[PDB]
Amino acid sequence: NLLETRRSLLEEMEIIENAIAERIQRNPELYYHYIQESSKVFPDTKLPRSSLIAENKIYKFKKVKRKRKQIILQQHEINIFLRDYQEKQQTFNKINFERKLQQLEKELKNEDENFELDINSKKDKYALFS
Amino acid sequence: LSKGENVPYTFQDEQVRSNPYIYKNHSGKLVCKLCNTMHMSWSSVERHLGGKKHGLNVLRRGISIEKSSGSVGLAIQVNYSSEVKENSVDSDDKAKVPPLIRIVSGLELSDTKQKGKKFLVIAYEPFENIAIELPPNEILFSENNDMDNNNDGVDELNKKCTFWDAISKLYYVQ
Amino acid sequence: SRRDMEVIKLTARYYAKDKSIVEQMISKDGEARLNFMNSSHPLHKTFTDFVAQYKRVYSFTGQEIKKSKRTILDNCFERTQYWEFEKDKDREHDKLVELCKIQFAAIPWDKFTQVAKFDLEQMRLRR
Amino acid sequence: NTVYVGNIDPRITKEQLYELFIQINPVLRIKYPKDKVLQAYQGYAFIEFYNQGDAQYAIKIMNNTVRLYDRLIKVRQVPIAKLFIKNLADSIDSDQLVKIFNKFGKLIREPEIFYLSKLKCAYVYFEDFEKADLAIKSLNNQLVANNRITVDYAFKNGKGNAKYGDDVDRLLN
Amino acid sequence: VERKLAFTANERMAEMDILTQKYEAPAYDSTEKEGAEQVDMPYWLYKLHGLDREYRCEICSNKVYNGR
Ligand SMILES: [Zn+2]
Ligand SMILES: [Zn+2]
């Protein structure tokens, strides 16, 4: 059922956005740095208040300054994340009764003796990107 | 020198004092009851208060104090001022704090005569306290009304069953 | 839990299109399998999620998402900003609560002056 | 000869207390402590009668009988051998300690197990210094539960002085 | 370039050391912060009163008493 696949896709995209957003949260520099450079390549780009940039804050809380190696690292990580996202968005674009309900619900009875705890779909993903 | 304040005698059995210490004993002379010092003139008193030993005694008194000290329910609708007197006080001093309710046992009263029942006291900074007698041992005492969310505010009672229409100044309690 | 998951997600798939096939299934079969249909069963809540999600997939069917890198970044920044804001609201709340605790703890509950003797959730809103 | 009194109204005066308790028995003195800071009493008192019998009888009669300003008044009445032991086995329960040391001496209290350094040690309370001398004589540097244990006197430098033997001998006698 | 160029031997060496350390260092130290956001005695008394003067009593465990 394509519905399930497209669902899982939108969900994963959500997960990634949330990850790189958490990152941009802990150390605003990640975005700021980037954005500043972008400013001088695409002149239109709107950039945050200077005060925010300096105090390394996004709203009220000023975050601890990080060293260069880490900023760059996380930027490349976010890079691959955005790659994944672009891929999923792509496949998704390329992908997007009662008797059948009971029909499938019947086959769901298959292998009743499957003693196993299953807590690994959103946790393995959430975890896969944190 | 005294700034025109009347310093009462020690024996006069207590108009709020400026410094609630310096007295005049049965004799004429001036005293500081903390430091147990006798002062001849008010200038010497002002030097005592500006002295170091009196500060030490004030702190030691500070520490000395700080170490010791399907059913039926009721609903109340309390109304408050209509911007009549609250126009002179708006300095965000607990102004954001809503009225508060507490259940008090009559076992303790200013007169201590009769007792044996509870009161649903309701209080707000300027206005005077209010009470409501509750003979019934228990009414409307519910069981997990909401789904256990933890913002204690003041207590389970207040969050559980109170509403503060601050825009109209109406406090509902049930 | 694969069974439960699968039945929740399936009944959620069908429930997302008609909502009539399940209400008929319940009366036709009579199985303690779909006991999550009632808001009583905890899992029901997660159900309400899945369906919504599927309901969402039905939203832009026939429409592609053309978000660019720049945009995705901007978005994640704005989300961050939001989170920060929410965090601030939480903080403020905690503060006010603190004030309340202080004052409640600091008023005379012995200054009595009584007079007589003896649903709010939908009321604590606005309309 | 003195009895404790509690749950007293700070408004109560020594006059009222005396008038109350003289009904029960002759009262030699009443020490009713006041805070000299606030000139406010603390809500308790000590009432000293002449003999013990009057005190006991007053305790029996006046407890929870009378309410003063609704407040129900309360009336109430009012050095041994020690051994440090080191390198104990973790399999030794305090009760097993009891069974070990009972044959050597009668325990006034129970042993105390505490860990130093990991290192299981204990304090053992005997009613006698000589029984403890037996416990040390037999048990010192001895293997129990496949572990060598050391038995000596606990520090206060430790117990077992001459004055200690004398005054412990007297407390026993 | 100009800096390194105007260095001495020891200086240039220590600087190189620094660049090296920066190069081969963990991107996250075991000693970093998480959630540290900012916003926007009577000495003379005992000698007078007699205390803190060692004294001994034989009858109770040969006990010591710090004041008379
Ligand atoms: Zn003074
Ligand atoms: Zn002594």
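**Q** Before we go on, may I ask you to explain the overall build of chain C in this structure?
**A** Looking only at helices and strands, one finds four helices and zero strands in chain C. Tracing chain C from N to C terminus, the helices and strands come up as α-α-α-α. Along the longest, intermediate and shortest principal axes, the C-alpha atoms of chain C span 65 × 55 × 35 Å. Per-residue burial for chain C yields a buried fraction of 27% across its 127 residues. When the accessible surface of chain C is split by element, carbon and sulfur atoms take 50% of a total near 8,900 Å². Separation of charge centres in chain C, based on 26 positive and 20 negative side chains, amounts to 3 Å.

**Q** Got a minute to help me understand the domain arrangement of chain C in this structure?
**A** Interfaces are frequently sized by the accessible area removed from exposure as the parts join. Examined at the domain level, chain C breaks down into domain 1 (1–25 + 38–63) and domain 2 (64–107). The gap between the C-alpha centroids of domain 1 of chain C and domain 2 of chain C is 31 Å.

**Q** Would you take a moment to explain the arrangement of the chains for this structure?
**A** The top pair by number of contacts, from a total of six pairs of chains in contact, is chains A and C. Separating chain C from chain D is a minimum C-alpha gap of 17 Å, and the two share no contact. What separates chain B from chain E at the closest point of their C-alpha atoms is a distance of 12 Å, and the two make no contact.

**Q** Sorry, what's going on with empty space enclosed by the protein here?
**A** Any empty space left between atoms is shown by rolling a water-sized probe over those atoms. The space that makes up the largest cavity amounts to roughly 50 Å³. Lining the largest cavity, in full, are B:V104, B:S105, B:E108, B:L109, B:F119, B:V121, B:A131, C:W109, C:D110 and C:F112. Of all elements in the fold, only β5 (100–105) and β6 (118–123) of chain B reach the threshold of two or more residues within the lining of the largest cavity. Broken down by class, the residue content of the lining of the largest cavity amounts to seven nonpolar, one polar and two charged. Around the second largest cavity, the lining residues are D:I85, D:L88, D:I92, D:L97, D:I100, D:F101, D:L139, D:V144 and D:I149. For the lining of the second largest cavity, the element with the most residues is helix α3 (residues 94–102) of chain D, which contributes three residues.

**Q** Any chance you could explain the coordination of the zinc ion (ligand 1) here in plain terms?
**A** Six octahedrally arranged donors around a metal ideally form angles of 90 or 180 degrees; four tetrahedrally arranged donors ideally form angles of 109.5 degrees. Residues and elements named next belong to chain B. All of the protein donors around the zinc ion (ligand 1) are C32 (SG), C35 (SG), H48 (NE2) and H54 (ND1); their distances to the metal are 1.9 to 2.8 Å. Relative to the metal, the four donor atoms surrounding the zinc ion (ligand 1) lie at angles of 95 to 136 degrees, and the coordination shape comes out irregular. Overall, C35 belongs to the buried group, its relative accessible area being 11%. The exposure class assigned to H48 is buried, which follows from its relative accessible area of 9%.

**Q** Looking at this model, I keep getting lost on the packing of helix α5 (residues 98–107) of chain A against helix α1 (residues 2–15) of chain C. Mind explaining?
**A** To characterise two packed helices, one gives the angle between the axes of the helices and the distance between these axes. The geometry of α5(A) relative to α1(C) is characterised by a closest axis approach of 11 Å and an angle of 170 degrees between their N-to-C directions. Classified by the angle their axes make, α5(A) and α1(C) are roughly antiparallel. For the pair formed by α5(A) and α1(C), the contact residues are A:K100, A:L101, A:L104 and A:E105 on the first element and C:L10, C:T11 and C:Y14 on the second. Its residues assigned to classes, the contact of α5(A) with α1(C) comprises four nonpolar, one polar and two charged.

**Q** Before we go on, may I ask you to explain the interface of chain D and chain B in this structure?
**A** Contact residues are listed per partner, giving four residues for chain D and four residues for chain B. Split into classes, the residues belonging to the side of chain D that touches chain B amount to two nonpolar, no polar and two charged.

**Q** Please clarify how the interface of chain A and chain C should be interpreted in this entry.
**A** Each side of the interface is counted separately: chain A has 47 residues, and chain C has 47 residues. Taking both sides of the interface into account, the surface hidden between chain A and chain C amounts to around 4,700 Å²; carbon and sulfur atoms contribute 63%. At the junction of chain A with chain C, the criterion picks out five salt bridges. Between A:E98 and C:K28 there is a salt bridge whose closest N-O contact spans 4.0 Å.

**Q** I would appreciate a short explanation of helix α1 (residues 2–26) of chain A in the present structure.
**A** For the α-helix, the turn length of 3.6 residues means that residues three or four positions removed from each other point alike. In this model, α1(A) (25 residues) spans 36 Å end to end at C-alpha, consistent with the 36 Å of a helix rising 1.5 Å per residue. Most of α1(A) sits out of view: 18 of its 25 residues are buried.

**Q** Looking at this structure, how should I read a negative patch on the surface?
**A** There is a patch of like negative charges on the surface, built from C:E86, C:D90, C:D94 and C:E98. Inspection of the secondary structure assignment puts C:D94 in helix α4 (residues 69–105).

**Q** I tried to follow the packing of aromatic side chains on my own but got confused; where do I start?
**A** Given two aromatic rings, one states the distance between the centres and the angle between the planes to describe the pair. For the structure shown, the criterion picks out 29 aromatic pairs over all chains. Here B:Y124 and B:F127 contribute two aromatic rings whose centre-to-centre distance is 6.5 Å and whose plane-to-plane angle is 90 degrees, an arrangement assigned as edge-to-face. With a relative accessible area of 38%, B:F127 lands in the partly exposed category. Positioned above the aromatic ring of A:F42, the side-chain terminus of C:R70 is 5.5 Å from the ring centre.

Quick notes on the rules
Residues numbered from 1 in each chain as written, not as in the entry; some residues may be left out. Chains lettered and ligands numbered in written order. Part of a larger assembly, values for the part shown. Heavy atoms only, no water. Residues with missing side-chain atoms left out of burial classes, pairs and counts. Helix = DSSP H or I, 4+ residues; strand = E, 2+ residues; numbered from the N terminus. Buried < 20%, exposed > 50% of the residue type's maximum accessible area, 1.4 Å probe, protein only. Areas by Shrake-Rupley, 256 points an atom, 1.4 Å probe, with all protein chains shown as cover. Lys, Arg positive; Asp, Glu negative; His and termini not counted. Charge placed at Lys NZ, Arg CZ, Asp CG, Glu CD. Domains from an automatic or database assignment. Contact = heavy atoms within 4.5 Å. 1 Å grid on protein atoms, 1.4 Å probe; cavity = no way out; pocket = protein on both sides within 12 Å on 5 of 7 lines; lining within 4 Å. Points joined across faces, edges and corners; volume = space filled by probe spheres on them. Nonpolar A, V, L, I, M, F, W, Y, C, P; charged D, E, K, R; others polar. Donors = N, O, S within 2.8 Å, 3.2 Å for Na, K, Ca; no water. Tetrahedral: all angles 85-135°; square planar, octahedral: opposite > 155°, others 65-115°. Axes fitted to C-alpha atoms, helices over the stretch in contact; angles between N-to-C directions. Parallel < 35°, antiparallel > 145°, perpendicular 65-115°, else oblique. Buried area = accessible area lost by both parts, 1.4 Å probe. Salt bridge = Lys/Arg side-chain N within 4 Å of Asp/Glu carboxyl O. Expected span 1.5 Å × (residues − 1). Patch = residues over 30% accessible without salt bridge, like charges linked within 9 Å, V, L, I, M, F, W, Y side chains within 5 Å. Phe/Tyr/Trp six-rings, centres within 6.5 Å; stacked < 30°, edge-to-face > 60°. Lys NZ or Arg CZ within 6 Å of the ring centre and 35° of its normal.

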